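Student: Please see the structure below; I have some questions.
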Amino acid sequence: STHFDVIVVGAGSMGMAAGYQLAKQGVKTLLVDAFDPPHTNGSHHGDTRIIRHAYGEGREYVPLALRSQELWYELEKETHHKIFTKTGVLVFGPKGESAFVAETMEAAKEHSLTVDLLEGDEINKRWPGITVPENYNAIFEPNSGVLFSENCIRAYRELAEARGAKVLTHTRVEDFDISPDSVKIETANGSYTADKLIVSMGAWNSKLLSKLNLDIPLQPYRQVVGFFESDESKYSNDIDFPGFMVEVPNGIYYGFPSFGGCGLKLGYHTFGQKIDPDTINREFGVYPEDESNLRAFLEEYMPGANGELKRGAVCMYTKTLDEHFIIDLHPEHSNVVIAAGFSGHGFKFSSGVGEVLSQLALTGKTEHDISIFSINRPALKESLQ
Ligand SMILES: *Cc1cc2c(cc1C)nc1c(=O)[nH]c(=O)nc-1n2C[C@H](O)[C@H](O)[C@H](O)COP(=O)(O)OP(=O)(O)OC[C@H]1O[C@@H](n2cnc3c(N)ncnc32)[C@H](O)[C@@H]1O
Ligand SMILES: [Cl-]
Ligand SMILES: [Te]
């Protein structure tokens, strides 16, 4: 009995941001989620998320990163929940041996971002607790930082609902019915219709986009993080230890300073187990690599942050073949918007993406340049059934 202007399927990082953007404009919105966001079954838990501006994955992401940062600052002012702490973000790697570090540096130069360049012993001196070989160089971004992801989704949800958005929890959408002038979703708790549909199911996009006649390579990965007892006089946010994303011979790692003594948090970025979101084992430590891959990095580069394991979390990345996102209208339905394949680095952009999705759903276009995220790009290997 209830039609909506817009229906968002998957009220996580991207969906809830979109919900907020829509609700703020008086758009009657329905957000449907398989669980109760924020939760620990998707890709947004683990408390914290790094936001960087100078972007190693590609300088073309800078504009969206900057807009997102501005939106995070706006969110901070609108809710009592803590949103962002300006820890700054350190990026380092072997000199001349990191495409990631190099592109971060080019991105900063190209967009005139404020950064500090340092190398070798200067890194170890500036941040006691970090020990890199002398042949390593680095780019530090002072105005970047850490987002409290669960808080962000919780805030966006509370603000959206206050404005009329309805959130249907513990309801898994199982199928879609799209027509030229309307959209409909089917769930065990009933079906709903609207004029526009936003699809942002995270890791489940890899299993349910086929219901929209889409055939796109999307691989879900099991990615763990660990919190370790650390020397607080070196690794605390209070003594300015930074957030970081770095490249070493065996891959990329990312981490966060200890907040309120909860311990330095670390994650191994380039390796994870290929999994299915409905059968993934979400218990930290069941694979020996869960903990050993982390200590292998800590004992070598941040030796004072390699104490007892205080906490572990298991979460998922959803990768595209080129590791760039998918943000676009469905190729056969201009009334359907797709947000997928964030490949492990999309949370920092969720505020901006919420704005893009809102624009795409309401006008079929967006003021942002989102060409690099086209669902029709060849590197994606997109197809229909
Ligand atoms: C996992 C991970 C990711 C990560 C990170 C560390 C880890 C361990 N660190 C990051 C960082 O420092 N900086 C950054 O920018 N990103 C970082 N990431 C990646 C980021 O967290 C992910 O890209 C992001 O969270 C992706 O968001 P998305 O909105 O795609 O995924 P979600 O938050 O999981 O939300 C999806 C929601 O949809 C629901 N769902 C699923 N299936 C259904 C059905 N059938 N019906 C209805 N709802 C459905 C889920 O329940 C979920 O809430
Ligand atoms: Cl992801
Ligand atoms: Te703690």
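Starting from 1 in every chain, residues are counted up; chains themselves are A, B, ... following the order of the structure tokens, and ligands are numbered from 1 as listed.
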Taking only C-alpha atoms and all ligand atoms into account, which residues have an atom no farther than 7 Å from ligand 1? I'd like them as JSON, numbers by chain.

Tutor: {"A": [9, 10, 11, 12, 13, 14, 15, 32, 33, 34, 35, 37, 38, 39, 41, 42, 43, 44, 46, 48, 49, 50, 51, 171, 172, 173, 174, 200, 201, 202, 203, 204, 208, 223, 224, 225, 267, 314, 315, 316, 317, 339, 340, 341, 342, 343, 344, 345, 346, 347, 348, 349]}

Student: For residue A:121, work out the shell of residues within 8 Å, counting only C-alpha atoms and skipping chain neighbours fewer than 4 positions away, then give it as a PyMOL selection string.

Tutor: chain A and resi 125+132-134

Student: Just checking: using only C-alpha atoms, which residue out of A:211, A:319, A:295, A:234 ends up closest to residue A:185?

Tutor: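 Counting only C-alpha atoms, the residue closest to residue A:185 is A:211.
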
Student: Could you give me, as a PyMOL selection string, the residues within 12 Å of residue A:4, counting only C-alpha atoms and dropping anything in the same chain fewer than 6 positions from it?

Tutor: chain A and resi 22-23+26-31+164-166+182-185+191-197

Student: What lies within 12 Å of residue A:102 using only C-alpha atoms, ignoring chain neighbours under 5 positions off, as number ranges by chain?

Tutor: A: 54-59, 91-97, 107-109, 117, 137-139, 246-247

Student: What residues in stretch 55-175 of chain A get the DSSP label strand (DSSP E or B)? Please answer as a CSV table (one decimal) with C-alpha atoms, in the first residue's frame.

Tutor:
chain,number,residue,atom,x,y,z
A,84,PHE,CA,36.5,12.5,12.0
A,85,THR,CA,39.9,12.9,13.7
A,89,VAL,CA,48.1,10.0,6.8
A,90,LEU,CA,51.6,8.8,6.1
A,91,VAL,CA,52.4,7.0,2.9
A,92,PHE,CA,55.8,5.4,2.4
A,93,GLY,CA,57.7,2.7,0.4
A,94,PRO,CA,61.0,1.8,-1.2
A,116,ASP,CA,55.5,16.9,3.5
A,117,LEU,CA,58.1,14.8,1.7
A,118,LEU,CA,60.7,13.0,3.7
A,119,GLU,CA,62.9,9.9,3.5
A,136,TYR,CA,62.5,4.4,1.9
A,137,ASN,CA,60.8,7.7,1.1
A,138,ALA,CA,57.5,9.1,2.1
A,139,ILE,CA,54.7,11.6,1.6
A,140,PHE,CA,52.8,12.8,4.7
A,141,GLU,CA,49.4,14.4,4.3
A,145,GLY,CA,42.7,11.5,8.7
A,146,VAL,CA,40.4,8.9,10.2
A,147,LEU,CA,36.7,8.4,9.9
A,148,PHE,CA,34.6,6.6,12.5
A,166,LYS,CA,12.0,4.8,6.4
A,167,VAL,CA,14.5,2.0,7.1
A,168,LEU,CA,13.3,-1.6,6.8
A,173,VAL,CA,15.8,-8.2,-1.1
A,174,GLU,CA,15.7,-11.3,-3.3
A,175,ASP,CA,14.5,-10.1,-6.7

Student: Mind listing the helix (DSSP H, G or I) residues of stretch 67-187 of chain A, per DSSP on the backbone, as a PyMOL selection string?

Tutor: chain A and resi 67-78+99-110+121-126+149-162

Student: Rank nothing, just name the residue among A:218, A:66, A:101, A:199 nearest to ligand 2, using only C-alpha atoms and all ligand atoms.

Tutor: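 Closest residue, counting only C-alpha atoms and all ligand atoms: A:218.
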
Student: From the list A:161, A:229, A:5, A:177, which residue is nearest ligand 3 when using only C-alpha atoms and all ligand atoms?

Tutor: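 Of A:161, A:229, A:5, A:177, the one nearest ligand 3, counting only C-alpha atoms and all ligand atoms, is A:229.
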
Student: Counting only C-alpha atoms and all ligand atoms, name the residues that have an atom within 8 Å of an atom of ligand 3; the answer should be given as a ChimeraX atom specification.

Tutor: /A:260-263,310

Student: Write the residues you've just listed into a file as a compact mmCIF listing (two decimals), in the first residue's frame, and include N, CA, C and O atoms for each of them.

Tutor:
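Final file, selection_18.txt:
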# COMPACT_ATOMS: atom_id res chain seq x y z
N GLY A 260 42.50 6.40 22.46
CA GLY A 260 42.09 6.13 23.82
C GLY A 260 42.69 4.83 24.35
O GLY A 260 42.06 4.12 25.12
N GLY A 261 43.91 4.52 23.92
CA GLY A 261 44.57 3.30 24.37
C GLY A 261 44.01 1.98 23.86
O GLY A 261 44.30 0.93 24.42
N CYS A 262 43.19 2.00 22.81
CA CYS A 262 42.66 0.74 22.33
C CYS A 262 43.63 -0.06 21.46
O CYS A 262 43.32 -1.18 21.05
N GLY A 263 44.81 0.51 21.19
CA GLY A 263 45.83 -0.16 20.40
C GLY A 263 45.92 0.19 18.92
O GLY A 263 44.94 0.56 18.30
N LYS A 310 44.59 -7.46 21.05
CA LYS A 310 43.49 -7.00 21.88
C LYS A 310 42.13 -7.24 21.23
O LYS A 310 41.14 -7.46 21.93

Student: Env of residue A:289: 10 Å cut, atoms = only C-alpha atoms, seq-sep filter 4 positions within chain, self excluded. Answer as a PDB file with N, CA, C and O atoms, in the first residue's frame.

Tutor:
ATOM      1  N   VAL A 224      40.897  -9.158   7.100  1.00  0.00           N
ATOM      2  CA  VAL A 224      40.919  -8.964   8.543  1.00  0.00           C
ATOM      3  C   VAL A 224      41.790  -7.802   8.995  1.00  0.00           C
ATOM      4  O   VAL A 224      42.643  -7.311   8.256  1.00  0.00           O
ATOM      5  N   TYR A 268      46.294  -5.935   6.302  1.00  0.00           N
ATOM      6  CA  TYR A 268      47.094  -6.299   5.136  1.00  0.00           C
ATOM      7  C   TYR A 268      46.097  -6.141   3.975  1.00  0.00           C
ATOM      8  O   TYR A 268      45.115  -6.878   3.882  1.00  0.00           O
ATOM      9  N   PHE A 271      46.234  -8.813   0.177  1.00  0.00           N
ATOM     10  CA  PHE A 271      45.939 -10.235   0.273  1.00  0.00           C
ATOM     11  C   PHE A 271      44.681 -10.467   1.096  1.00  0.00           C
ATOM     12  O   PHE A 271      44.476  -9.809   2.104  1.00  0.00           O
ATOM     13  N   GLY A 272      43.860 -11.418   0.659  1.00  0.00           N
ATOM     14  CA  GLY A 272      42.647 -11.772   1.369  1.00  0.00           C
ATOM     15  C   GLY A 272      42.151 -13.075   0.774  1.00  0.00           C
ATOM     16  O   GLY A 272      42.599 -13.458  -0.311  1.00  0.00           O
ATOM     17  N   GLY A 285      41.275 -15.100  13.308  1.00  0.00           N
ATOM     18  CA  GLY A 285      42.199 -16.082  13.842  1.00  0.00           C
ATOM     19  C   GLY A 285      42.036 -17.519  13.371  1.00  0.00           C
ATOM     20  O   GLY A 285      42.874 -18.365  13.683  1.00  0.00           O
ATOM     21  N   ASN A 293      50.382 -12.424   9.271  1.00  0.00           N
ATOM     22  CA  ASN A 293      50.676 -11.437   8.232  1.00  0.00           C
ATOM     23  C   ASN A 293      50.813 -10.051   8.845  1.00  0.00           C
ATOM     24  O   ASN A 293      51.597  -9.223   8.369  1.00  0.00           O
ATOM     25  N   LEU A 294      50.057  -9.804   9.910  1.00  0.00           N
ATOM     26  CA  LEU A 294      50.117  -8.517  10.581  1.00  0.00           C
ATOM     27  C   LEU A 294      51.413  -8.358  11.397  1.00  0.00           C
ATOM     28  O   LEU A 294      52.112  -7.355  11.268  1.00  0.00           O
ATOM     29  N   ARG A 295      51.757  -9.353  12.214  1.00  0.00           N
ATOM     30  CA  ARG A 295      52.980  -9.262  13.014  1.00  0.00           C
ATOM     31  C   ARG A 295      54.257  -9.232  12.166  1.00  0.00           C
ATOM     32  O   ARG A 295      55.279  -8.683  12.583  1.00  0.00           O
ATOM     33  N   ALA A 296      54.202  -9.812  10.971  1.00  0.00           N
ATOM     34  CA  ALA A 296      55.360  -9.805  10.081  1.00  0.00           C
ATOM     35  C   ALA A 296      55.672  -8.348   9.705  1.00  0.00           C
ATOM     36  O   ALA A 296      56.831  -7.957   9.565  1.00  0.00           O
TER      37      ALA A 296
END

Student: How many Å separate atom CA of residue A:179 from atom CA of residue A:332?

Tutor: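 Spanning atom CA of residue A:179 to atom CA of residue A:332 is a straight-line distance of 10.2 Å.
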
Student: Using only C-alpha atoms, can you tell me which of A:47, A:331, A:36, A:258 comes closest to residue A:214?

Tutor: A:331

Student: In Å to one decimal, how far is atom CA of residue A:122 from atom CA of residue A:143?

Tutor: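 Taking atom CA of residue A:143 as the start and atom CA of residue A:122 as the end point, the length is 19.8 Å.
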
Student: If you measure from atom CA of residue A:73 to atom CA of residue A:155, what distance in Å do you get, rounded to one decimal?

Tutor: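 Calculated distance between atom CA of residue A:73 and atom CA of residue A:155 is 12.7 Å.
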